[PDB]
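Data block below; observations after.
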Ligand SMILES: COc1ccc(-c2c(-c3cc(Cl)c(O)cc3O)noc2NC(=O)C(C)(C)C)cc1
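Numbering (the entry's author numbering), first residue to last: 17 to 224.
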């Protein structure tokens with residue numbers, strides 16, 4: 017397991033998200049579904065010029081999986097996935113500029129719900145999760161697990177869990193007071209409100 021420091025700007029963003037009083041936490045789900053949709057758009061487009069990129073799975077979809085025993089909400093997609101370089105280096109570089117712009121916008125009167133306009137909507141996960149685990153598999157790279165409970169660091173390891181084929185699984189370990197996001201009625205409500213027109217099937221699993 018390798019441990020990395022977030023760039024200072026991203027650590028600062030995460031602290032703001034965790035510390036700021038902001039009741040409209042539900043927007044985290046829209047932001048993660050948006051990311052899934054973007055990743056799905058990417059594999060779809062790439063597959064038009066190289067159909068073999070779908071050898072790792074033809075189905076393009078999003079599953080939402082609540083688990084009350086584990087207190088997790090998992091968002092699974094079959095998008096393009098992220099490479100080790102994406103996880104450690106590339107996406108952080110991009111997130112640095114988006115974060116700066118978002119911070120400045122907040123000072124100017126924007127609110128946390130606008131985070132996705134700055135390309136860093138993922139971090140809104142920390143409105144509801146104490147720990148986020150991201151399992152991801154891109155063609156031509158290995159399956160990795162990224163993980164962070166904030167506090168300025170994240171880890172990456174090669175994942176020896178169940179093989180995903182291709183795509184990304186975001187496992188939200190929910191804060192004790194945010195279990196409403198495990199309720200079918202609540203998730204359905206949020207998806208209808210904010211993600212009604214996403215161009216891939218979203219299946220909300222129910223609990224046993
Ligand atoms: C907004 O920035 C991103 C959105 C989605 C993804 C993504 C994701 C992804 C990321 C997150 Cl955080 C998520 O919640 C869902 C995803 O499918 N999986 O593969 C992905 N692959 C990439 O898009 C490229 C172009 C970099 C290879 C990465 C960055």
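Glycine included, every Cβ here is placed at the ideal spot set by N, Cα and C.
N- and C-terminal bounds of the beta strand (DSSP E) containing residue i
{"i": "residue 44", "result": "Residue 44 -> not in any beta strand (DSSP E); alpha helix (DSSP H) instead, spanning 43 to 65."}
{"i": "residue 134", "result": "No beta strand (DSSP E) holds residue 134; DSSP gives it neither H nor E."}
{"i": "residue 218", "result": "218 to 220"}
{"i": "residue 78", "result": "78 to 83"}
Residues that residue i bridges to, as DSSP identifies them
{"i": "residue 186", "result": "91, 150"}
{"i": "residue 172", "result": "18, 162"}
{"i": "residue 145", "result": "190"}
Residue i, buried or exposed, once every other Cβ within 10 Å from all chains shown has been counted against 16
{"i": "residue 174", "result": "exposed"}
{"i": "residue 67", "result": "exposed"}
{"i": "residue 82", "result": "buried"}
{"i": "residue 145", "result": "buried"}
{"i": "residue 24", "result": "exposed"}
{"i": "residue 51", "result": "buried"}
{"i": "residue 198", "result": "buried"}
{"i": "residue 21", "result": "exposed"}
{"i": "residue 159", "result": "buried"}
{"i": "residue 64", "result": "exposed"}
{"i": "residue 115", "result": "buried"}
{"i": "residue 42", "result": "buried"}
{"i": "residue 222", "result": "exposed"}
{"i": "residue 37", "result": "exposed"}
{"i": "residue 92", "result": "buried"}
{"i": "residue 170", "result": "buried"}
{"i": "residue 109", "result": "exposed"}
{"i": "residue 180", "result": "buried"}
N-terminal and C-terminal residue of the alpha helix (DSSP H) that residue i is part of
{"i": "residue 113", "result": "107 to 123"}
{"i": "residue 35", "result": "24 to 35"}
{"i": "residue 207", "result": "200 to 210"}
Whole-angstrom distance between residue j and residue i, CA atom to CA atom
{"i": "residue 183", "j": "residue 161", "result": "12 Å"}
{"i": "residue 220", "j": "residue 167", "result": "31 Å"}
{"i": "residue 215", "j": "residue 47", "result": "15 Å"}
{"i": "residue 55", "j": "residue 128", "result": "23 Å"}
{"i": "residue 59", "j": "residue 69", "result": "8 Å"}
{"i": "residue 19", "j": "residue 26", "result": "16 Å"}
{"i": "residue 195", "j": "residue 178", "result": "26 Å"}
{"i": "residue 185", "j": "residue 124", "result": "34 Å"}
{"i": "residue 189", "j": "residue 87", "result": "6 Å"}
{"i": "residue 62", "j": "residue 74", "result": "12 Å"}
{"i": "residue 84", "j": "residue 134", "result": "32 Å"}
{"i": "residue 39", "j": "residue 100", "result": "34 Å"}
{"i": "residue 172", "j": "residue 164", "result": "9 Å"}
{"i": "residue 72", "j": "residue 217", "result": "18 Å"}
{"i": "residue 112", "j": "residue 176", "result": "30 Å"}
{"i": "residue 210", "j": "residue 79", "result": "16 Å"}
{"i": "residue 208", "j": "residue 202", "result": "10 Å"}
- Query: So does the stretch 26 to 37 actually touch the stretch 139 to 146, counting three or more Cβ pairs closer than 8 Å?
  - Reply: yes
- Three or more beta-carbon pairs under 8 Å between the stretch 96 to 112 and the stretch 149 to 158, yes or no? yes
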